[PDB]
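Trainee: If you scroll down you'll find the structure; I have some questions about it.
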Amino acid sequence: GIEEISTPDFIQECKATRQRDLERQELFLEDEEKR
Amino acid sequence: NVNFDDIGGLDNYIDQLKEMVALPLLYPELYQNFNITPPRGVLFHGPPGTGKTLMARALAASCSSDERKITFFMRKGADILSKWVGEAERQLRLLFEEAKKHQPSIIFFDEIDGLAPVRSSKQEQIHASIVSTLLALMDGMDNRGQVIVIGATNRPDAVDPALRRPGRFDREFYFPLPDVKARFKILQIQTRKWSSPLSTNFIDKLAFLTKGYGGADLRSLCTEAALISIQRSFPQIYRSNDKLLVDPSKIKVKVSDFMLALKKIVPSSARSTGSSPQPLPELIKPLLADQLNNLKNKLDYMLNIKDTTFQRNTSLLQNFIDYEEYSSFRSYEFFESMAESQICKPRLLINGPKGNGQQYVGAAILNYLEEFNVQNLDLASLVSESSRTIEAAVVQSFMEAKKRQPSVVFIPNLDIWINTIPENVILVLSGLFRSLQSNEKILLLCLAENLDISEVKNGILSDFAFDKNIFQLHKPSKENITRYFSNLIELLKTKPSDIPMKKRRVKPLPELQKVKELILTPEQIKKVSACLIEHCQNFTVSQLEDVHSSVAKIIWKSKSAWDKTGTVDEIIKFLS
Amino acid sequence: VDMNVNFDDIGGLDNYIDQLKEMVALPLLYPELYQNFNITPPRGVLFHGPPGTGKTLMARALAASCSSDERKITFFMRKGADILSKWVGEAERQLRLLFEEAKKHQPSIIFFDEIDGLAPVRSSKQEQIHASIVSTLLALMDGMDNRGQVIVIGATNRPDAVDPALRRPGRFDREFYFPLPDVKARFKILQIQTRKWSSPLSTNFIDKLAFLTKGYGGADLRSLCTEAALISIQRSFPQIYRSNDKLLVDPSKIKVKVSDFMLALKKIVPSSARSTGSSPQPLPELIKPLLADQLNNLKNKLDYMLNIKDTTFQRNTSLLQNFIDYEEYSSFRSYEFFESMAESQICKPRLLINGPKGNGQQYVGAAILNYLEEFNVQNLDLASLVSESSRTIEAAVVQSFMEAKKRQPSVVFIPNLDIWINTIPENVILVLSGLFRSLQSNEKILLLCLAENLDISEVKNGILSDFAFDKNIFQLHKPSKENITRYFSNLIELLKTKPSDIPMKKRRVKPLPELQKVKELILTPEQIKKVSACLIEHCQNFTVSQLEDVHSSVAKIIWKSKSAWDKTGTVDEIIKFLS
Amino acid sequence: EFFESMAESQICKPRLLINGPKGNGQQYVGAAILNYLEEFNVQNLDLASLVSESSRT
Ligand SMILES: Nc1ncnc2c1ncn2[C@@H]1O[C@H](COP(=O)(O)OP(=O)(O)O)[C@@H](O)[C@H]1O
Ligand SMILES: Nc1ncnc2c1ncn2[C@@H]1O[C@H](COP(=O)(O)OP(=O)(O)O)[C@@H](O)[C@H]1O
């Protein structure tokens, strides 16, 4: 099933939001350490 | 990164690519005022290592990558097509949507002749689908965005002719093997970040020596000369298994390292067949300069190379910078009708005896015509590719000679070419040259060895108009043979203290810190020259080079002797 | 890519605009007339023509022009076989969802650009991956359920690469040939592209551009106007090409002159020159004294052969304007009899032009093909036959004749017939002669062959006897004394010019401003008469090639001393050359 | 430029044709020569190497 959900257009959109969410989790860990 | 100051030559293309990448983004009100769109797609074509990927990368990362960043997608044509049956079209669509969402973008298809070849073979139907989705995707005349498609290839006739149209690839840029000034600029670019930079007379001699080189070959030359200088100035760091023997920079890349890199680096123009365009070598030049210049004069008469005061084709932007403008109508079309009326039918048939240096004269003439589009109809240039017939290859070479208008159709070894090439494609080439207008600048240069004139006025080449334009290479004169045999004498008269032999060092290599007159009367020299000219009576260039080689072996064999009586006697004994 | 381009943006396709209004817009406004006869509107056109003609422009203008009211027409667009993936699934499923969403938004236009890659011809191998797409396309276009008001438009370069089951009523019932535009349509395209401009061009300059752009498509005319504007920007403001910061320019006094278009015509290679056949173009202005006396005769002969200037029937440029401006008026004996007696004027149009070796046939053929503007030229020369390396000679000849059989005003063009009958195999001439004798008499396929020193015995009892070249042999005789006199009179007019009239460019005395960032000519009239008499007496019984050789050889001598005011040395060199 | 051009002038047109009677040990002489010139780059042009690959002519 996930071979059917993982399609390269959605894969490239998910690498875009993967670098976005990698940056999001990094900023959120430093935010929960500073606050 | 790479900017426009890392490119040697190609300033016309730098000024012409800025009106479709930089100036659309920078000046969007001067392009909206005329309701125009930038062309949006270029076909770079030329030999490998000429600077196509460098031009694409400079055009990406040079035109204002500060707030309006231009992204860059580098794809190869063999990368897009895969082993499946629908992957290539979908991957092209994914690349074009990815370039559409990042809107100022440059897609670069390197070696696009693999992705979209010409339709003359290759069933199983998938290449027609890939070509059709490529043609429908790079529609540059319905405002798909700000995508610029740049396709690099070796020769533009290996690309599908449907892509060489407006809307698709509009402009085609020829990226040539660089001439002496552009090789000077390239060698200055590569030797600019050094610590001890080379002089001007150094780079001039390097540009003169590197004949038939490209940009990548000059880069490898500079890299290998630097490596030889590290290998020579501090040779102790190689064999020693110990730790860092640290060393300062007194390194200087002199002549004896570039001269080894020149024989260690082979160019990519030593892989293409036929005559590589280069001047006459320094040995055979007194045998063939005086007959070359006349040919140049003939080529200066029938082609208007010196009096081209109306066709001075450089970047016309520079013409608008340094000149200014000017009934007023007639002075354009009348003088452009009488200016193109000088080229009537440029034909030339260099025809001499067998072995009379025609493989040098062809290369020297092609080196004289650097600003032309040389299309080689040599045997090995046509029978090498199996994807095309001889017929279609000859027709496509003629059509590329017809599109780029200053062009030379060059047929080396015409006496073989009228025997191992069928009469069908010879008559095809005759009909193609007969359908040209007279004011078209397509020179037909043919070089033949011992061709009969009965084939020229009555044979298969009778419909090519070689009636007055036959130049006859003759055997060299006695005053030319006397000057040709005047480096053997200056090798007979060099004493063995000047011959660069190898002598072992009496002291070993240090280690750093751990943190007579030669007996030769002028009568002997005169008798050697007299017998050496008396033997070479009514000889050709190949026979003269045979005598030159066979005497040079005798001279260089006894190169440490100080009494040259045995060498002189062996020279006279051979030439008898 | 679906802009505001309407029907006033397209120029020269006014007949297909009426039919596309007839099958897209007019069913929406008037459903009572279509239901009066119980007819469905025609739905689905295959646009085909040369590349750069206006197919995608017509699709976008049909999508945007009929939607100006509050009756919206969605425009689904598909590039050519971008719909298929590496698995077997999504290629048919995405077409299913496309036709379902076109069914949902009911007035819709699906535009298949480059449909020859989506629906190819059924070959010998690799059947599955395209036949499984052609099957679902055929079953979705004209299936059992009503598709709705989905107008399917396809676009291609050649229509034979599409499957023949698609070229069928219900799917692709109309097939529109978009032609490379004539001089009126090129005038209208040049008027359309230079309409927004602040300083517009004159009418006669656009007329001279329309004459100078023979062979150009619409996209080539757009590229010409774009390059003319870019050269005007380079000419007015060069300094923006040197700075990296945005200088302040004003978008006035940047008007496009004639000298910018005259350089854009040299920078632009059209789609006629990219082809391998003989490009149709008029006689050049140099040799027009030499040949236009005996080209005009040929035109008169063709006017008696093809009925060009006698056009009362088959004048269908636009049927709707024909029904608007004209007026109707037993039934057989007023229509069919007169249509037969108007079509029975073309009997067997053949023409063999035969002159000596070098007598300007490469100009006469192109001038005749320029005169026959409304015809379809099919080049049967050697280069076009052997250029496609996959085809054979026989298959290329049969393909070109079958392409000439449709679009019936057509010219089969064989230049260099003396080479053709010596290097084509003998069975191909018999194949072409059997194709020509299996035609009706009233078909307007002209056979135009140009030859150099062809023997009449080969067209009398030879291998060209089965083409009926009986009365239709025109002899290009060598040019007479007065034509040579006018030719060399233009040469003499070059000679007696002043060096202040010879255009040398400039050297500017001052540099360009930086921008704020944000004697008498001595030539006696006796020497002119001596040079003219020597040029006339030297070129006795010469052809056009020898005359061009003498003309080039004398023009080199004249352009040598283009700055000298004492023209006695160049007169002496001219008389010394012709001896 | 002088000594490299007079050292490269010692090869003029290197050609050789070994011709003997039928069966006079040519298949050994050729192998011994191609072993002697082992620093070179041998391009065989015999029939077994040209007709082997079926794609190229
Ligand atoms: N005209 C040039 N000027 C300066 N350097 C060049 C030029 N052409 C090539 N080079 C060098 O060669 C490399 C570019 O090779 P590449 O762009 O791959 O050639 P091609 O595109 O012909 O394959 C760059 O690293 C550059 O240093
Ligand atoms: N008949 C025409 N009238 C006006 N403009 C045209 C015409 N044909 C082409 N053009 C111009 O050429 C451009 C490109 O046409 P294009 O859609 O590429 O045609 P094709 O798809 O047949 O190559 C369009 O933007 C249009 O402005």
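Naming scheme: A, B, ... for chains in displayed order of the structure tokens; residues 1 onward per chain; ligands 1 onward as shown.
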Output the neighbourhood of ligand 2 as a PyMOL selection string, that is, all protein and nucleic acid residues with some atom at most 8 Å from the ligand, counting only C-alpha atoms and all ligand atoms.
Mentor: (chain B and resi 139-142+166-167) or (chain C and resi 9-13+48-58+113+155+157+178+181+185+188-189+192-193+217-222)
Trainee: Store the residues of this selection in a file with N, CA, C and O atoms, as a short mmCIF file (atom, residue, chain, number, x, y, z; two decimals), in the first residue's frame.
Mentor:
data_model
loop_
_atom_site.label_atom_id
_atom_site.label_comp_id
_atom_site.auth_asym_id
_atom_site.auth_seq_id
_atom_site.Cartn_x
_atom_site.Cartn_y
_atom_site.Cartn_z
N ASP B 139 7.03 24.82 -24.24
CA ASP B 139 6.33 25.84 -25.00
C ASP B 139 6.71 27.20 -24.44
O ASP B 139 6.24 27.61 -23.37
N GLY B 140 7.59 27.91 -25.14
CA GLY B 140 8.04 29.21 -24.70
C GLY B 140 7.20 30.37 -25.18
O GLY B 140 7.58 31.52 -24.95
N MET B 141 6.07 30.11 -25.82
CA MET B 141 5.21 31.15 -26.36
C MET B 141 3.77 31.00 -25.88
O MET B 141 2.82 31.28 -26.61
N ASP B 142 3.59 30.53 -24.64
CA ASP B 142 2.29 30.63 -23.99
C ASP B 142 2.42 31.02 -22.52
O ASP B 142 1.47 30.83 -21.75
N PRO B 166 11.25 28.19 -33.37
CA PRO B 166 10.80 29.19 -32.39
C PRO B 166 9.76 28.64 -31.42
O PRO B 166 8.91 27.82 -31.78
N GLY B 167 9.83 29.12 -30.18
CA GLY B 167 9.02 28.60 -29.09
C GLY B 167 9.77 27.58 -28.26
O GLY B 167 9.81 27.66 -27.03
N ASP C 9 -6.60 38.41 -31.54
CA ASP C 9 -5.17 38.17 -31.49
C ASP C 9 -4.71 37.28 -32.64
O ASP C 9 -3.57 37.41 -33.10
N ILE C 10 -5.58 36.41 -33.13
CA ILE C 10 -5.26 35.54 -34.25
C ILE C 10 -5.53 36.28 -35.55
O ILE C 10 -6.53 37.00 -35.68
N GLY C 11 -4.65 36.10 -36.52
CA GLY C 11 -4.82 36.74 -37.81
C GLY C 11 -4.64 35.80 -38.98
O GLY C 11 -3.62 35.11 -39.08
N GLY C 12 -5.63 35.75 -39.86
CA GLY C 12 -5.54 34.97 -41.06
C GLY C 12 -6.15 33.59 -41.01
O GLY C 12 -5.97 32.81 -41.95
N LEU C 13 -6.87 33.27 -39.94
CA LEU C 13 -7.58 32.01 -39.82
C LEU C 13 -9.06 32.26 -39.59
O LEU C 13 -9.69 31.62 -38.75
N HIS C 48 -3.92 20.53 -37.41
CA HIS C 48 -2.66 20.04 -37.93
C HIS C 48 -2.12 21.03 -38.95
O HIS C 48 -2.88 21.68 -39.67
N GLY C 49 -0.80 21.14 -38.98
CA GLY C 49 -0.14 22.05 -39.89
C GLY C 49 1.35 22.09 -39.62
O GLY C 49 1.88 21.29 -38.85
N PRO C 50 2.05 23.00 -40.28
CA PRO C 50 3.47 23.21 -39.98
C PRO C 50 3.64 23.78 -38.58
O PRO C 50 2.72 24.39 -38.04
N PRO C 51 4.80 23.58 -37.96
CA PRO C 51 5.01 24.11 -36.61
C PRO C 51 5.19 25.62 -36.64
O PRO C 51 5.93 26.15 -37.47
N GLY C 52 4.52 26.30 -35.72
CA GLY C 52 4.57 27.75 -35.66
C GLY C 52 3.49 28.38 -36.50
O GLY C 52 3.76 29.25 -37.33
N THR C 53 2.25 27.94 -36.30
CA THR C 53 1.15 28.35 -37.15
C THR C 53 -0.07 28.86 -36.39
O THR C 53 -0.82 29.67 -36.94
N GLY C 54 -0.27 28.46 -35.14
CA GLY C 54 -1.34 29.04 -34.35
C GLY C 54 -2.35 28.06 -33.79
O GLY C 54 -3.50 28.43 -33.56
N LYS C 55 -1.93 26.81 -33.56
CA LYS C 55 -2.86 25.80 -33.05
C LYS C 55 -3.16 26.01 -31.57
O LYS C 55 -4.33 26.06 -31.17
N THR C 56 -2.11 26.12 -30.74
CA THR C 56 -2.30 26.36 -29.32
C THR C 56 -2.90 27.74 -29.07
O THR C 56 -3.70 27.90 -28.13
N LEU C 57 -2.56 28.72 -29.90
CA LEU C 57 -3.17 30.04 -29.82
C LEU C 57 -4.66 29.97 -30.10
O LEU C 57 -5.46 30.62 -29.41
N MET C 58 -5.06 29.18 -31.10
CA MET C 58 -6.47 29.03 -31.41
C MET C 58 -7.22 28.29 -30.31
O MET C 58 -8.36 28.65 -30.00
N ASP C 113 -2.41 18.80 -26.67
CA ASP C 113 -1.28 19.26 -27.46
C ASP C 113 -0.34 18.09 -27.71
O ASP C 113 -0.04 17.33 -26.80
N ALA C 155 -3.91 18.56 -31.28
CA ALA C 155 -3.03 19.36 -32.12
C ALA C 155 -1.81 18.53 -32.47
O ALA C 155 -1.29 17.82 -31.62
N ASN C 157 1.65 18.02 -35.64
CA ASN C 157 2.40 18.45 -36.81
C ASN C 157 2.00 17.67 -38.05
O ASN C 157 1.80 18.27 -39.12
N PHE C 178 -3.89 24.19 -40.63
CA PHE C 178 -3.45 25.55 -40.34
C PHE C 178 -2.30 25.86 -41.29
O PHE C 178 -1.23 25.27 -41.15
N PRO C 181 1.16 31.41 -43.28
CA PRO C 181 0.28 32.49 -43.71
C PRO C 181 0.76 33.21 -44.96
O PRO C 181 1.96 33.33 -45.22
N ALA C 185 -2.25 37.74 -44.32
CA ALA C 185 -2.23 37.25 -42.95
C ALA C 185 -0.92 37.59 -42.25
O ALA C 185 -0.92 37.84 -41.05
N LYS C 188 -1.38 41.07 -41.18
CA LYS C 188 -2.23 41.18 -40.00
C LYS C 188 -1.51 40.71 -38.73
O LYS C 188 -1.71 41.29 -37.66
N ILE C 189 -0.66 39.68 -38.84
CA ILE C 189 0.11 39.23 -37.69
C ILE C 189 1.13 40.29 -37.28
O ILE C 189 1.29 40.58 -36.08
N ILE C 192 -0.63 42.92 -35.50
CA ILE C 192 -1.08 42.51 -34.17
C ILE C 192 0.07 42.54 -33.17
O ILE C 192 -0.09 43.02 -32.04
N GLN C 193 1.26 42.08 -33.57
CA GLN C 193 2.39 42.07 -32.65
C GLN C 193 2.95 43.46 -32.39
O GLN C 193 3.52 43.71 -31.32
N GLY C 217 6.33 31.77 -40.38
CA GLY C 217 5.11 31.45 -39.68
C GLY C 217 4.71 32.58 -38.76
O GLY C 217 5.24 33.69 -38.81
N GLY C 218 3.76 32.29 -37.88
CA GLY C 218 3.34 33.28 -36.91
C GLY C 218 4.33 33.44 -35.78
O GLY C 218 4.61 34.55 -35.32
N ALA C 219 4.89 32.31 -35.34
CA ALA C 219 5.89 32.33 -34.28
C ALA C 219 7.18 32.98 -34.75
O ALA C 219 7.86 33.66 -33.97
N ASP C 220 7.52 32.81 -36.03
CA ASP C 220 8.69 33.49 -36.58
C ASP C 220 8.47 34.99 -36.68
O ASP C 220 9.41 35.76 -36.46
N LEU C 221 7.24 35.43 -36.95
CA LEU C 221 6.96 36.86 -36.97
C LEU C 221 6.98 37.45 -35.57
O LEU C 221 7.44 38.58 -35.38
N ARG C 222 6.52 36.69 -34.57
CA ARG C 222 6.63 37.14 -33.18
C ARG C 222 8.09 37.22 -32.74
O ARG C 222 8.48 38.18 -32.06
#
Trainee: For residue 59 in chain B, find every residue with an atom within 9 Å (counting only C-alpha atoms), except residues of its own chain fewer than 2 positions away, and show them as an mmCIF file with C-alpha atoms, in the first residue's frame.
Mentor:
data_model
loop_
_atom_site.group_PDB
_atom_site.id
_atom_site.type_symbol
_atom_site.label_atom_id
_atom_site.label_comp_id
_atom_site.auth_asym_id
_atom_site.auth_seq_id
_atom_site.Cartn_x
_atom_site.Cartn_y
_atom_site.Cartn_z
ATOM 1 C CA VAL B 2 31.276 30.807 -11.117
ATOM 2 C CA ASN B 3 30.690 34.284 -12.507
ATOM 3 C CA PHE B 4 31.172 35.736 -15.982
ATOM 4 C CA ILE B 14 27.497 36.588 -22.629
ATOM 5 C CA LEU B 17 22.301 35.568 -22.910
ATOM 6 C CA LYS B 18 21.802 38.560 -20.607
ATOM 7 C CA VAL B 21 18.027 35.772 -18.014
ATOM 8 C CA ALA B 22 19.242 38.971 -16.341
ATOM 9 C CA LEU B 54 30.308 26.571 -17.392
ATOM 10 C CA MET B 55 28.205 29.079 -19.330
ATOM 11 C CA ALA B 56 24.984 27.617 -17.918
ATOM 12 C CA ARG B 57 26.341 27.688 -14.357
ATOM 13 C CA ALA B 61 24.844 31.958 -10.377
ATOM 14 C CA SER B 62 25.865 35.317 -11.858
ATOM 15 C CA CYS B 63 22.685 37.201 -12.820
ATOM 16 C CA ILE B 106 17.274 27.436 -15.654
#
Trainee: Pick out the residues no farther than 6 Å from ligand 1, counting only C-alpha atoms and all ligand atoms, and list them as a PyMOL selection string.
Mentor: chain B and resi 6-9+47-54+186+215-216+219
Trainee: Selected residues, N, CA, C and O atoms, written as a PDB file, in the first residue's frame, please.
Mentor:
ATOM      1  N   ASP B   6      35.023  34.056 -15.237  1.00  0.00           N
ATOM      2  CA  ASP B   6      35.695  32.770 -15.335  1.00  0.00           C
ATOM      3  C   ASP B   6      35.565  32.159 -16.720  1.00  0.00           C
ATOM      4  O   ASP B   6      35.959  31.007 -16.918  1.00  0.00           O
ATOM      5  N   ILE B   7      35.025  32.904 -17.680  1.00  0.00           N
ATOM      6  CA  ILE B   7      34.770  32.410 -19.026  1.00  0.00           C
ATOM      7  C   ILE B   7      35.721  33.118 -19.979  1.00  0.00           C
ATOM      8  O   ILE B   7      35.730  34.351 -20.059  1.00  0.00           O
ATOM      9  N   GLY B   8      36.522  32.338 -20.696  1.00  0.00           N
ATOM     10  CA  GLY B   8      37.423  32.868 -21.703  1.00  0.00           C
ATOM     11  C   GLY B   8      36.754  32.850 -23.066  1.00  0.00           C
ATOM     12  O   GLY B   8      36.191  31.838 -23.478  1.00  0.00           O
ATOM     13  N   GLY B   9      36.832  33.979 -23.757  1.00  0.00           N
ATOM     14  CA  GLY B   9      36.073  34.112 -24.975  1.00  0.00           C
ATOM     15  C   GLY B   9      34.597  34.272 -24.653  1.00  0.00           C
ATOM     16  O   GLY B   9      34.207  34.604 -23.529  1.00  0.00           O
ATOM     17  N   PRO B  47      32.317  21.137 -29.512  1.00  0.00           N
ATOM     18  CA  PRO B  47      33.170  20.023 -29.074  1.00  0.00           C
ATOM     19  C   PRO B  47      33.185  19.889 -27.561  1.00  0.00           C
ATOM     20  O   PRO B  47      32.858  20.847 -26.844  1.00  0.00           O
ATOM     21  N   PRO B  48      33.525  18.710 -27.032  1.00  0.00           N
ATOM     22  CA  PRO B  48      33.503  18.522 -25.575  1.00  0.00           C
ATOM     23  C   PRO B  48      34.631  19.280 -24.892  1.00  0.00           C
ATOM     24  O   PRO B  48      35.791  19.205 -25.303  1.00  0.00           O
ATOM     25  N   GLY B  49      34.279  20.010 -23.839  1.00  0.00           N
ATOM     26  CA  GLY B  49      35.251  20.790 -23.109  1.00  0.00           C
ATOM     27  C   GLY B  49      35.381  22.219 -23.570  1.00  0.00           C
ATOM     28  O   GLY B  49      36.455  22.811 -23.421  1.00  0.00           O
ATOM     29  N   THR B  50      34.322  22.797 -24.129  1.00  0.00           N
ATOM     30  CA  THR B  50      34.378  24.149 -24.661  1.00  0.00           C
ATOM     31  C   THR B  50      33.736  25.184 -23.750  1.00  0.00           C
ATOM     32  O   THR B  50      33.970  26.380 -23.945  1.00  0.00           O
ATOM     33  N   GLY B  51      32.938  24.768 -22.773  1.00  0.00           N
ATOM     34  CA  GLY B  51      32.415  25.707 -21.802  1.00  0.00           C
ATOM     35  C   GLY B  51      30.912  25.874 -21.805  1.00  0.00           C
ATOM     36  O   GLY B  51      30.412  26.957 -21.501  1.00  0.00           O
ATOM     37  N   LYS B  52      30.178  24.812 -22.133  1.00  0.00           N
ATOM     38  CA  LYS B  52      28.724  24.905 -22.190  1.00  0.00           C
ATOM     39  C   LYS B  52      28.107  24.833 -20.797  1.00  0.00           C
ATOM     40  O   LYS B  52      27.265  25.667 -20.435  1.00  0.00           O
ATOM     41  N   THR B  53      28.526  23.844 -20.000  1.00  0.00           N
ATOM     42  CA  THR B  53      28.069  23.746 -18.618  1.00  0.00           C
ATOM     43  C   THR B  53      28.581  24.907 -17.779  1.00  0.00           C
ATOM     44  O   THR B  53      27.882  25.368 -16.871  1.00  0.00           O
ATOM     45  N   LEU B  54      29.782  25.403 -18.086  1.00  0.00           N
ATOM     46  CA  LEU B  54      30.308  26.571 -17.392  1.00  0.00           C
ATOM     47  C   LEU B  54      29.490  27.812 -17.709  1.00  0.00           C
ATOM     48  O   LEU B  54      29.239  28.637 -16.823  1.00  0.00           O
ATOM     49  N   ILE B 186      41.908  31.982 -21.357  1.00  0.00           N
ATOM     50  CA  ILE B 186      41.617  30.805 -20.542  1.00  0.00           C
ATOM     51  C   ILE B 186      42.795  30.478 -19.633  1.00  0.00           C
ATOM     52  O   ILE B 186      42.622  30.240 -18.430  1.00  0.00           O
ATOM     53  N   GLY B 215      38.930  24.014 -23.375  1.00  0.00           N
ATOM     54  CA  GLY B 215      39.014  24.560 -22.033  1.00  0.00           C
ATOM     55  C   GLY B 215      39.383  23.519 -20.995  1.00  0.00           C
ATOM     56  O   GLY B 215      40.203  23.778 -20.108  1.00  0.00           O
ATOM     57  N   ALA B 216      38.788  22.328 -21.094  1.00  0.00           N
ATOM     58  CA  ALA B 216      39.053  21.277 -20.118  1.00  0.00           C
ATOM     59  C   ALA B 216      40.464  20.727 -20.266  1.00  0.00           C
ATOM     60  O   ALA B 216      41.108  20.375 -19.270  1.00  0.00           O
ATOM     61  N   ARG B 219      42.691  23.230 -18.633  1.00  0.00           N
ATOM     62  CA  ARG B 219      42.574  23.075 -17.186  1.00  0.00           C
ATOM     63  C   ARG B 219      43.391  21.892 -16.685  1.00  0.00           C
ATOM     64  O   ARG B 219      44.098  22.000 -15.673  1.00  0.00           O
TER      65      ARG B 219
END
Trainee: Up to 10 Å from chain B, what residues of chain D turn up? Count only C-alpha atoms and give them as a list in words.
Mentor: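 Result: residues 1, 2, 3, 4, 5, 6, 7, 8, 9, 10, 11, 12, 13, 55, 56 and 57 of chain D.
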Trainee: Let me see the file: selected residues, N, CA and C atoms, as a PDB file, in the first residue's frame.
Mentor:
ATOM      1  N   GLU D   1      61.971  23.619 -28.127  1.00  0.00           N
ATOM      2  CA  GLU D   1      61.230  23.531 -29.380  1.00  0.00           C
ATOM      3  C   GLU D   1      62.079  22.972 -30.515  1.00  0.00           C
ATOM      4  N   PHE D   2      63.400  23.084 -30.428  1.00  0.00           N
ATOM      5  CA  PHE D   2      64.276  22.513 -31.441  1.00  0.00           C
ATOM      6  C   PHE D   2      64.536  21.033 -31.188  1.00  0.00           C
ATOM      7  N   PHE D   3      64.887  20.675 -29.954  1.00  0.00           N
ATOM      8  CA  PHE D   3      65.268  19.299 -29.670  1.00  0.00           C
ATOM      9  C   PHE D   3      64.069  18.369 -29.577  1.00  0.00           C
ATOM     10  N   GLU D   4      62.905  18.864 -29.144  1.00  0.00           N
ATOM     11  CA  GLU D   4      61.714  18.028 -29.162  1.00  0.00           C
ATOM     12  C   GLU D   4      61.200  17.827 -30.578  1.00  0.00           C
ATOM     13  N   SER D   5      61.465  18.777 -31.474  1.00  0.00           N
ATOM     14  CA  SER D   5      61.059  18.635 -32.862  1.00  0.00           C
ATOM     15  C   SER D   5      62.043  17.822 -33.683  1.00  0.00           C
ATOM     16  N   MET D   6      63.307  17.759 -33.278  1.00  0.00           N
ATOM     17  CA  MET D   6      64.248  16.851 -33.917  1.00  0.00           C
ATOM     18  C   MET D   6      64.266  15.472 -33.274  1.00  0.00           C
ATOM     19  N   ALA D   7      63.684  15.322 -32.084  1.00  0.00           N
ATOM     20  CA  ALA D   7      63.498  13.995 -31.514  1.00  0.00           C
ATOM     21  C   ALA D   7      62.216  13.346 -32.011  1.00  0.00           C
ATOM     22  N   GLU D   8      61.182  14.142 -32.282  1.00  0.00           N
ATOM     23  CA  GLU D   8      59.945  13.626 -32.852  1.00  0.00           C
ATOM     24  C   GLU D   8      60.019  13.459 -34.360  1.00  0.00           C
ATOM     25  N   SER D   9      61.095  13.915 -34.988  1.00  0.00           N
ATOM     26  CA  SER D   9      61.305  13.741 -36.415  1.00  0.00           C
ATOM     27  C   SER D   9      62.001  12.436 -36.752  1.00  0.00           C
ATOM     28  N   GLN D  10      62.217  11.572 -35.770  1.00  0.00           N
ATOM     29  CA  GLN D  10      62.883  10.305 -36.020  1.00  0.00           C
ATOM     30  C   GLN D  10      61.907   9.201 -36.384  1.00  0.00           C
ATOM     31  N   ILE D  11      60.611   9.471 -36.292  1.00  0.00           N
ATOM     32  CA  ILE D  11      59.585   8.574 -36.811  1.00  0.00           C
ATOM     33  C   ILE D  11      58.963   9.262 -38.016  1.00  0.00           C
ATOM     34  N   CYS D  12      59.037   8.624 -39.184  1.00  0.00           N
ATOM     35  CA  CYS D  12      58.550   9.239 -40.413  1.00  0.00           C
ATOM     36  C   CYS D  12      57.251   8.621 -40.911  1.00  0.00           C
ATOM     37  N   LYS D  13      57.230   7.319 -41.129  1.00  0.00           N
ATOM     38  CA  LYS D  13      56.037   6.576 -41.508  1.00  0.00           C
ATOM     39  C   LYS D  13      56.296   5.124 -41.152  1.00  0.00           C
ATOM     40  N   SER D  55      26.497  -5.280 -34.100  1.00  0.00           N
ATOM     41  CA  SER D  55      25.836  -3.988 -34.244  1.00  0.00           C
ATOM     42  C   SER D  55      26.598  -3.077 -35.200  1.00  0.00           C
ATOM     43  N   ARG D  56      27.898  -2.909 -34.973  1.00  0.00           N
ATOM     44  CA  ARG D  56      28.708  -2.039 -35.812  1.00  0.00           C
ATOM     45  C   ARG D  56      29.026  -2.709 -37.140  1.00  0.00           C
ATOM     46  N   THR D  57      29.068  -1.906 -38.198  1.00  0.00           N
ATOM     47  CA  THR D  57      29.549  -2.394 -39.477  1.00  0.00           C
ATOM     48  C   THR D  57      31.073  -2.503 -39.458  1.00  0.00           C
TER      49      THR D  57
END
Trainee: Hey, could you make a per-residue contact list for chain B against chain A with 9 Å as the cut-off, showing the nearest pair of atoms and its distance in Å to one decimal, counting only C-alpha atoms, sorted by chain and number, as CSV?
Mentor:
residue,atom,partner,partner_atom,distance
B:91,CA,A:8,CA,8.8
B:94,CA,A:9,CA,6.7
B:98,CA,A:12,CA,8.8
